[PDB]
There are 8 protein chains.
Amino acid sequence: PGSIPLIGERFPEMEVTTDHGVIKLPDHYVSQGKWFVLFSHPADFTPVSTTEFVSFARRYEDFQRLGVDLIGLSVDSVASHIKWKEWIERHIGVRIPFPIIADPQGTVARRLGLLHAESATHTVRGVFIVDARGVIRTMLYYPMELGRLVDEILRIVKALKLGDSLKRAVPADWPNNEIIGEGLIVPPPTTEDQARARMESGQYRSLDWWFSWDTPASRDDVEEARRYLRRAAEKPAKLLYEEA
Amino acid sequence: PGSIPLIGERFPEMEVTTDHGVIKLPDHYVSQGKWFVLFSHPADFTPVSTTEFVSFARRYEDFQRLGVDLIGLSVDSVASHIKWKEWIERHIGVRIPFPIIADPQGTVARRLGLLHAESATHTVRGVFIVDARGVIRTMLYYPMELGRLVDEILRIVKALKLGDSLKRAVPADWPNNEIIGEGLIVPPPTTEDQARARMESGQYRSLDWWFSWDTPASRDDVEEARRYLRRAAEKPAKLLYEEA
Amino acid sequence: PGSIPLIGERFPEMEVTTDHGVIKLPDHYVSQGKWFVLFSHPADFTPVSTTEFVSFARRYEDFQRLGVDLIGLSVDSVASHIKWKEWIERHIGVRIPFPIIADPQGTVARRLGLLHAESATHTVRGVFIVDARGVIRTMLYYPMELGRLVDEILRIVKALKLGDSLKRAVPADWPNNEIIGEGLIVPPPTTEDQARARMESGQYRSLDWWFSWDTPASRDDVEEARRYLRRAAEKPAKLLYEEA
Amino acid sequence: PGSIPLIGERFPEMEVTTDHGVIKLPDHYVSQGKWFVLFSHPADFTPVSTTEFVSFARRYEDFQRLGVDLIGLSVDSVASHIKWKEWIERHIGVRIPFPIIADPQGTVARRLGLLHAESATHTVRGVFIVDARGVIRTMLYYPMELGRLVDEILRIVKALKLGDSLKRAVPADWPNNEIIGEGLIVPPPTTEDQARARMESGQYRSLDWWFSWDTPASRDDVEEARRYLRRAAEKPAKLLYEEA
Amino acid sequence: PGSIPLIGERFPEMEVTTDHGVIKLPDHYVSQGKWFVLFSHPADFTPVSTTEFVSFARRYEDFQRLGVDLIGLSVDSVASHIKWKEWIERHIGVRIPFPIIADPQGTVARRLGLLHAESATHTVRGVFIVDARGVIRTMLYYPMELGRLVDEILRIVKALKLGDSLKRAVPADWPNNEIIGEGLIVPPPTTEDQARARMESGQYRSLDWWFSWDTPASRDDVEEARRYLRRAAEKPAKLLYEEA
Amino acid sequence: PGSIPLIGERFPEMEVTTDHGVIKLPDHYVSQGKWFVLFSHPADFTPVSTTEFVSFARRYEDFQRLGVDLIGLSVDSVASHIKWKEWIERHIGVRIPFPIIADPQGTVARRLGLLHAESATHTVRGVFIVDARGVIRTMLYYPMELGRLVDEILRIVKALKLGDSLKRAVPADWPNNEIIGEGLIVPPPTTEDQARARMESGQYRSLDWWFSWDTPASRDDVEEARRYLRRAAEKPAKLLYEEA
Amino acid sequence: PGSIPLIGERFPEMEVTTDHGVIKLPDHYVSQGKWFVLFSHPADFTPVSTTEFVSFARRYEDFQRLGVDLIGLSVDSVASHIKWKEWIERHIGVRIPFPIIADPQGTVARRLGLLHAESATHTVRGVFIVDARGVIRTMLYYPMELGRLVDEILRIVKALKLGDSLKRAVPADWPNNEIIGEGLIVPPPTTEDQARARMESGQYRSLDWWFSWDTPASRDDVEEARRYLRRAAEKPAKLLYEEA
Amino acid sequence: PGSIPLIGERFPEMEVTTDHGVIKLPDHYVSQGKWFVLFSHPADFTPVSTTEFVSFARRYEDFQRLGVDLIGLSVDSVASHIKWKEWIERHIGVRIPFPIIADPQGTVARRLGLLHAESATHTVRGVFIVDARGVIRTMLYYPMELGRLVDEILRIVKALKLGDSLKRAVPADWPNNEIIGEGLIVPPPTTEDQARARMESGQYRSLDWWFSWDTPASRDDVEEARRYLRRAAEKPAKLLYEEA
């Protein structure tokens with residue numbers, strides 16, 4: 001009972017107003033050869049949303065390294081965005097370096113299907129992962145009551161970029177897959193002839209003609225991907241509330 | 001674009017055929033007081049899909065301890081589902097204990113908006129997290145080329161059940177939030193009088209009238225959630241490909 | 001209350017995916033000067049469907065003598081086609097040399113009217129006999145519970161090619177017709193002048209101006225068509241289940 | 001294309017005029033506990049159609065023994081039907097005992113989808129096999145130029161009646177299937193529990209959990225069916241044209 | 001409650017199949033400088049229809065002398081047309097020289113409004129008199145139960161051609177009109193001035209300015225028309241059933 | 001084209017104004033159990049129309065002997081009808097005893113399809129022969145330029161009433177049919193059993209099972225019909241224009 | 001209600017048939033510089049209508065002197081018009097010199113809105129006063145039971161023509177207006193500046209800035225207008241019925 | 001263009017505001033057994049409209065003698081109506097006793113078809129003469145530039161009232177008709193029988209069966225109607241502008 005963009009579709013053409021200026025999506029990021037993560041939050045001056053902005057902000061360098069820009073979205077106006085980012089910097093001591101789209105008539109929210117039954121007026125916690133051709137690669141929709149795991153967004157972009165560069169599919173829980181560990185999967189044969197040639201070539205470890213894998217990711221790519229999940233699993237060293 | 005069910009809507013009433021029999025969604029799970037994760041995969045005898053079924057099966061008791069049932073979906077017929085599950089048990093040594101929906105005309109797929117531009121004929125890797133009242137709580141759309149992180153699905157269900165039980169919102173990266181750690185958020189005041197009373201009462205740690213939290217989750221609640229993320233982060237000691 | 005292509009119509013233009021690759025119908029066969037028989041079955045790993053695939057396979061050389069190619073169709077995906085053909089070769093000892101169309105959204109099933117009331121999701125046992133101009137010559141619709149008589153499909157193609165080459169119509173039960181045996185029927189006069197000319201010429205055996213025939217089929221043609229029927233009538237020497 | 005009735009549908013309700021009187025289909029046969037074969041031919045005083053009427057008449061007692069009534073169909077009027085059947089009895093020495101529907105405006109032809117691209121005005125050679133509950137079980141569409149094999153129509157009815165009676169599916173080319181001969185197939189299991197139970201039980205010969213069979217058809221049932229096919233295969237002893 | 005062509009309209013353009021070949025109406029007759037009488041009959045091998053075909057055949061030479069051709073029409077096929085005309089030649093001793101249209105799907109009948117409430121499936125006894133410009137000049141609709149008076153069709157054609165060449169209207173019962181006998185009527189004045197000039201001229205016998213006549217038809221034209229009516233009135237010298 | 005009522009339909013329910021008063025058709029004549037002939041003419045004070053009114057008036061006793069009432073129709077008003085009937089009585093010496101419908105807006109004309117392409121404003125010379133049940137039995141459409149043969153209207157009513165009262169069909173040109181003279185046709189058999197019973201019986205003179213006749217009409221019936229045609233064929237003894 | 005043309009619109013473009021010929025309105029009069037009065041009457045040989053035609057005829061030269069032509073209209077045909085005009089000349093001794101439109105399908109009547117609730121089939125007594133540019137200037141609708149005052153139609157046309165020529169409005173009851181007698185009204189000022197200038201100029205007799213008049217109509221124009229009204233008021237010396 | 005109500009229709013039901021208050025039409029007058037004349041004028045403070053109001057007011061007692069009330073209409077509001085009537089009494093010396101409808105949005109004007117092409121904003125000079133049953137009897141449409149002849153409106157009511165009470169039609173120019181003078185016309189016969197009875201009764205003076213009259217109006221009634229026309233034709237004794 002609501003309409004969304006689809007994986008494999010170009011991100012919808014739109015002019016949006018941010019607290020950094022007016023930009024065209026997705027062209028502004030395509031032009032720079034950058035991926036972007038567009039994520040939404042119900043409203044400014046809400047606590048879960050503030051935790052999520054701080055989490056994105058502390059991982060900013062990790063996104064920069066992957067060649068990924070971040071852009072937020074809520075139904076609030078630019079002035080609230082500026083006051084809210086100023087509060088976070090002053091009260092939590094973390095600067096929010098990325099822009100937030102101001103969507104007061106919910107024009108962007110409706111276009112991206114971010115108004116769910118949980119609220120008629122405020123956007124759910126949507127995530128659009130968009131590559132440097134402007135194509136939607138992955139979408140997540142978290143609810144109002146539950147913050148995102150930002151390290152999984154890093155792992156998705158890392159794995160997707162590795163998949164594209166090595167021409168491989170990525171197993172469940174990569175790089176900690178229980179069957180093939182850090183293995184990456186060769187796209188299966190699509191014909192009788194290709195299945196026979198694959199089962200005869202010896203080129204790849206195989207469980208069957210449709211299930212072949214090798215280990216072409218560098219130790220560095222594998223350990224970078226693992227470090228995202230290690231950070232997600234670590235009890236924080238010192239809580240930001242104690243000095244605030 | 002394309003049309004989906006939404007967060008906060010009841011899962012659409014539908015009768016589906018599984019390799020376990022015919023069932024009505026969501027009633028089959030609601031009538032048992034169980035949550036269910038419905039997840040889709042493009043086709044049987046595909047390699048990423050196999051790794052994901054084995055990750056789900058490995059985490060099956062973790063799901064059951066939460067009162068969460070699993071149910072798969074592809075456009076394959078039940079005979080293929082039975083052959084594929086027999087192949088996994090025989091070649092990987094892992095029984096798939098949960099059912100798979102057979103959706104040969106894409107009826108269920110079209111209803112849950114699981115056909116994206118990547119494939120006209122096979123579902124993407126959708127995830128629907130549905131509570132024991134039959135309400136959609138969270139939705140994930142992974143693409144063909146990228147397997148899911150199943151421990152994030154366990155983290156979502158655990159955190160949602162804690163939120164429901166303790167009347168709290170869950171911060172980013174819980175239970176390892178950089179600001180408040182394993183802290184849970186008190187839903188913010190919605191009026192001037194509630195805001196004033198909150199800032200006067202001294203009942204909760206606060207950064208402002210709209211950002212209050214406490215630590216009401218049991219040690220075992222927190223450790224269960226940390227265990228899911230530690231498993232996501234750890235390289236497995238034994239790869240299952242090496243058993244065959 | 002369902003729609004079909006019709007005898008005398010060109011086979012609908014369509015791209016289909018098979019376990020041999022992607023082909024245009026009917027162009028792929030028209031370009032080789034070949035007839036094709038497109039037949040459908042409900043699902044892979046079904047027993048009647050297996051018997052019919054083995055029946056087609058054993059008669060493969062008979063279809064190649066007539067210049068006919070075979071092409072199957074079900075709603076199953078390519079991977080299941082490949083595992084099912086592998087299963088037939090391994091357990092029955094019979095190679096299936098011809099392709100199977102994979103039709104998971106029933107796009108082809110709906111174009112050809114192969115979804116009947118017996119199943120909303122699986123095709124009935126359709127047979128389209130298509131000549132080397134890509135024209136539909138004969139259509140059969142067998143149900144789920146009843147396998148085809150493949151020797152009748154051979155007799156239909158042989159008789160059609162014979163009618164086409166000799167400019168003749170083919171009587172009931174040819175070449176064992178009770179009135180004229182292996183005789184072929186001259187197309188009847190369509191005018192008073194033609195009717196009178198026919199009745200006066202004595203060129204043909206006649207029962208009346210509208211019922212004339214001769215015996216222009218070679219003894220090879222007659223005996224090859226009769227051999228199809230003798231094979232259909234004979235108790236097999238040895239059942240394939242015995243050596244398997 | 002053009003619309004047709006479908007396998008598993010009730011034969012469309014209709015009153016028809018035949019050279020025996022006015023009847024309601026399918027009720028006239030359902031109320032007698034009888035199956036019927038409705039078949040069509042392009043026009044009266046056509047030679048292929050004449051050969052088929054004589055083939056049906058010769059097999060009339062075989063159809064009566066199965067509890068099957070025959071009813072023909074063309075766009076001609078009753079008076080042509082009567083003159084043509086008199087011509088057949090007088091000139092071929094064969095009485096046509098069964099009625100022919102007269103369908104001059106093509107009302108019945110359009111309802112049954114019997115007008116194909118080959119003729120705008122005359123029906124092709126359709127066959128509708130309808131059980132004693134008024135349900136369409138099988139449909140054949142033969143073209144103008146090609147007479148039917150009437151013994152296949154007996155084998156279809158015989159096979160269908162055994163399938164219904166013994167709760168079995170019928171293999172390819174029964175009762176001469178190359179894999180199981182006169183064997184009939186047990187409906188395959190539809191669930192994991194049913195598949196495991198079938199393969200533990202040892203009640204039936206099997207090639208796999210989905211492919212079980214036994215030989216419950218009487219000697220008399222099998223010999224009746226082989227007799228239809230033997231007659232199809234054997235050159236007739238005396239041709240009717242001779243004494244004419 | 002049925003739609004017809006109209007007097008003064010061109011006969012609707014159409015391709016029809018006859019027992020003489022395929023022709024375009026009205027072009028086939030216009031090309032030859034001919035009028036035609038198209039007449040319909042319910043079905044072949046019907047007795048009133050047989051009496052009409054014999055009456056038309058007996059008057060055929062009279063039609064030809066007038067530059068008029070005859071064409072029949074029923075919902076029967078060409079093969080029935082040919083058998084029926086042969087039956088008439090053989091049993092009545094009268095050759096039917098003119099073609100019959102075969103209209104099995106009632107395309108022609110429906111275009112011409114020949115399907116009345118008396119029969120849903122068979123044409124009434126319609127008559128279309130069409131001149132050499134292909135314009136409909138007169139239309140008669142006789143029922144199933146009542147044969148036509150063919151001599152009145154001859155009188156109508158003769159009187160129209162006389163009216164056309166002589167620029168005259170034809171009185172009731174011409175050439176035996178009770179007021180003016182074989183007189184023909186001068187088209188009445190359409191203005192006061194023409195009325196006054198008519199009354200003043202004394203050029204014609206008149207009863208009033210609107211009722212003038214003269215006698216410009218030749219003795220031969222008048223004798224020809226009286227012959228049609230004397231033939232209609234006289235009991236035949238010998239009955240064709242006696243000679244049969 | 002245009003629209004008409006049809007043979008076998010009840011005459012359309014309508015209230016009409018005549019120079020005798022306002023009546024319901026066909027109720028006014030049904031309610032007296034009388035047949036009626038409704039006939040149309042273009043306009044009052046037109047010469048052909050005048051000749052037809054005089055012809056109908058001369059035959060008024062013959063119509064009354066058959067229990068048939070006459071009613072005219074034109075687009076003129078009642079005052080013009082009355083002045084035109086007075087002019088006929090005054091100048092031709094013949095009283096018009098039957099009413100004329102006044103149809104100034106062409107309401108009746110459009111309902112009976114009497115406006116053809118010869119005139120957008122004036123009716124052609126339509127004839128509707130309606131029985132005592134209000135059923136249309138025969139329809140004639142003569143053009144502006146050609147007066148009707150009123151004796152053929154008498155022959156039609158006479159033969160229709162004979163057909164109704166004897167259960168017979170009436171051959172072409174009755175009672176001067178070339179094959180059977182004054183003979184009347186027995187409705188043909190409609191079934192195989194009736195056809196055989198008819199051929200075994202010898203109750204009737206027969207040419208075949210479908211062509212039987214007897215002579216059940218009284219001499220008075222036959223001679224009255226022949227009288228109408230003899231009157232049509234007779235040179236008038238004395239022209240009314242001379243008598244004036 | 002019903003649709004009418006309006007004062008200030010061009011008379012609807014139409015071709016009409018009269019007892020003088022076929023003409024186009026309003027072109028036929030515009031091309032002559034003529035005004036026309038089109039008037040309707042319910043039917044020919046009606047007494048009020050006859051009185052109006054004689055009244056128009058008696059004033060024909062008064063209309064001609066003003067450059068106004070007359071044209072009548074009824075749903076009668078031309079022959080009835082000619083006969084009715086003949087009757088008036090012969091029985092009343094007055095020639096009707098002007099044409100009457102014949103409108104048998106009420107095409108003109110419907111276009112001019114002349115069918116009111118008093119009669120569904122006959123026009124009321126409409127009057128369209130049309131100027132030499134073809135523009136409707138005035139419309140009167142008298143009922144069936146009331147003849148027009150033809151001298152008021154002369155007053156209207158005379159007054160409209162003086163107003164056009166002298167650029168003046170015509171007071172109530174001109175030329176015997178109780179306030180200003182034969183005075184004509186100056187079109188009132190339309191601005192504050194024009195009002196002041198008119199009150200200052202002393203150029204006209206005035207009651208206020210909006211009520212100014214002068215006496216620019218000739219003695220001859222005034223006496224003609226008074227002659228029309230004097231004639232309307234005068235009891236005729238001799239009645240035409242007594243000279244009949 | 002432009003819809004109006006019609007002669008023979010009930011005046012449309014409406015609530016209207018006047019300078020005397022709110023009244024329902026036509027009920028307000030039907031209740032009192034009174035005719036009314038509703039008339040319209042373009043605008044208050046316009047010269048021709050002022051002359052008409054004065055003419056109506058001078059003839060007020062003549063209207064009251066006939067039991068006719070007067071009601072005006074313009075698109076002006078009540079205040080302009082009161083100021084304008086006040087101006088007429090003060091400057092011309094004539095009290096306006098009847099109400100004026102205020103129609104500022106042209107609601108009443110559109111309902112009565114009073115907006116013609118001559119002004120999109122101001123009403124033409126419409127007159128509805130409505131009888132005591134509330135039926136529209138006559139309608140006049142005078143233009144902006146031309147005042148009405150109010151004595152003709154008196155003549156119409158008088159003649160209509162006379163015709164109703166005496167059951168007579170009124171000749172042109174009554175009571176000064178040039179054929180029958182003050183005679184009134186008997187409604188013509190509508191049937192042949194009625195026409196003959198009228199022609200033989202000698203009861204009325206006649207010119208033909210359709211034109212009969214007598215002199216049943218009182219001498220008072222005739223002279224009162226003639227007075228109205230004498231007043232219209234009289235050069236006024238003294239002009240009101242001199243007594244300004």
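Below, chain A is the first sequence line, B the second, and so on; all start at residue 1.
Neither the backbone nor the side chain of G:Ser49 comes within less than 4.5 Å of any heavy atom of chain H. Within the 4.5 angstrom heavy-atom criterion, only backbone atoms of G:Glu234 (N, CA, C, O) approach chain H. For H:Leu115, the part sitting under 4.5 Å from any heavy atom of chain G is the backbone (N, CA, C, O) and nothing else. Contacts of G:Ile185 with chain H are made by side-chain atoms alone, with heavy-atom separations under 4.5 Å and no backbone atom involved. Neither the backbone nor the side chain of H:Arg125 comes within less than 4.5 Å of any heavy atom of chain G. When heavy atoms are compared at a cutoff of 4.5 Å, G:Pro5 approaches chain H solely by way of its backbone atoms N, CA, C and O. If you measure heavy-atom distances from H:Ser212 to chain G, you find no contacts under 4.5 Å at all. Heavy atoms of H:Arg148 lying under 4.5 Å from chain G belong exclusively to its backbone. Contact annotation for H:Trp174: neither backbone nor side-chain heavy atoms come within less than 4.5 Å of a heavy atom of chain G. For a residue to count as touching a neighbouring chain, one of its non-hydrogen atoms must lie under 4.5 Å from one of that chain's; by this rule G:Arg58 touches chain H with the side chain only.
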Should H:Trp213 and H:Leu184 be marked as a side chain to side chain contact (heavy atoms under 4.5 Å, CB included) after you check the CA-CA gap, both sets of side-chain angles, and the distance that decides it? CA-CA 5 Å; H:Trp213 81 94; H:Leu184 298 178; over 6 Å; no
Take H:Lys235 and G:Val222 through the test side chain to side chain contact (heavy atoms under 4.5 Å, CB included) and record every step on the way to the result. CA-CA 11 Å; H:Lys235 178 179 153 85; G:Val222 170; over 6 Å; no
Give the intermediate values and the outcome of salt bridge (charged side-chain N to carboxylate O under 4.0 Å, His left out) for residues H:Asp44 and H:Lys83. CA-CA 9 Å; H:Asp44 298 352; H:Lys83 288 303 294 188; over 6 Å; no
Does the pair H:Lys158 and H:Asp221 meet the rule for a salt bridge (charged side-chain N to carboxylate O under 4.0 Å, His left out), with working shown? CA-CA 8 Å; H:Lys158 183 69 192 184; H:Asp221 282 322; 2.9 Å; yes
Please assess G:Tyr141 against H:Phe128 for the test side chain to side chain contact (heavy atoms under 4.5 Å, CB included), listing each intermediate value before the final yes or no. CA-CA 10 Å; G:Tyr141 295 90; H:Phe128 300 80; over 6 Å; no
Kindly determine whether G:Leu70 and G:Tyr60 satisfy side chain to side chain contact (heavy atoms under 4.5 Å, CB included), including the steps that lead there. CA-CA 8 Å; G:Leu70 304 176; G:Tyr60 177 72; 4.2 Å; yes
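At least one donor-acceptor pair under 3.5 Å links the side chain of G:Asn176 to the backbone N or O of H:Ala232. Using modelled atom types, no side-chain atom of G:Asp208 and backbone atom of G:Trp210 make a donor-acceptor pair closer than 3.5 Å.
Under the rule for a ring pair (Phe, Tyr, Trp, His ring centres under 6.0 Å), H:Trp209 has no partner lying at least two apart in sequence or in another chain.
Here H:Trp87 is the residue among H:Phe53, H:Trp87, H:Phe211, H:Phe56 with the most heavy-atom pairs under 4.5 Å with chain G. Comparing G:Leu149, G:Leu140, G:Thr138 by how many heavy-atom pairs each has under 4.5 Å with chain H, the most go to G:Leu149. Here G:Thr46 is the residue among G:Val94, G:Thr46, G:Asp164, G:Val186 with the most heavy-atom pairs under 4.5 Å with chain H. In terms of non-hydrogen atom pairs under 4.5 Å with chain G, the most contact-rich of H:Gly181, H:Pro12, H:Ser3, H:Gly163 is H:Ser3. For the options H:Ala117, H:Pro47, H:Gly8, H:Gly147, heavy-atom pairs under 4.5 Å to chain G are most numerous at H:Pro47. Top candidate by heavy-atom pairs under 4.5 Å with chain G, chosen from H:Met139, H:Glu145, H:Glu178, is H:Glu178. Taking chain H as the reference chain and counting heavy-atom pairs below 4.5 Å, the highest number among G:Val124, G:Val127, G:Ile136, G:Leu146 is found for G:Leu146. Listed options G:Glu182, G:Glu9, G:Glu52 were ranked by heavy-atom pairs under 4.5 angstrom with chain H; first place goes to G:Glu9. No other option in G:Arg137, G:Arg155, G:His91 has as many heavy-atom pairs under 4.5 Å with chain H as G:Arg155. Here G:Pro1 is the residue among G:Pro175, G:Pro1, G:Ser119, G:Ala159 with the most heavy-atom pairs under 4.5 Å with chain H. Interface summary for chain G: among H:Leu239, H:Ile7, H:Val48, the most heavy-atom pairs under 4.5 angstrom belong to H:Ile7. Ranked by non-hydrogen atom pairs under 4.5 Å with chain G, the options H:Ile92, H:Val135, H:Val54, H:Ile156 are led by H:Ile156.
Here H:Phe39 and H:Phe98 bring their ring centres to under 6.0 angstrom of each other.
Looking at heavy atoms from C-beta onward, H:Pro26 lies in side-chain contact with H:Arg10 at the 4.5 angstrom threshold. Considering only heavy atoms from C-beta on, H:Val150 comes within 4.5 Å of H:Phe63 through its side chain. H:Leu112 places a side-chain heavy atom less than 4.5 Å from the side chain of H:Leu38. Put simply, the side chain of G:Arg196 reaches to within 4.5 Å of the side chain of G:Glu192, judged on heavy atoms.
Aromatic ring pairs are classed by plane angle as parallel below 30°, tilted from 30° to 60° and perpendicular above 60°; the pair G:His41 and G:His81 is tilted.
When the heavy atoms of residues 223-231 of chain H are compared with those of chain G, the residues falling under 4.5 Å are H:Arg226, H:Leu229, H:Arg230, listed by number.
We find that H:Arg59 and H:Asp151 are joined by a salt bridge, their nearest charged nitrogen and carboxylate oxygen being less than 4.0 Å apart.
Atom CE of H:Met199 has 12 or fewer neighbouring heavy atoms from other residues, nucleotides or ligands inside a 6.0 Å radius.
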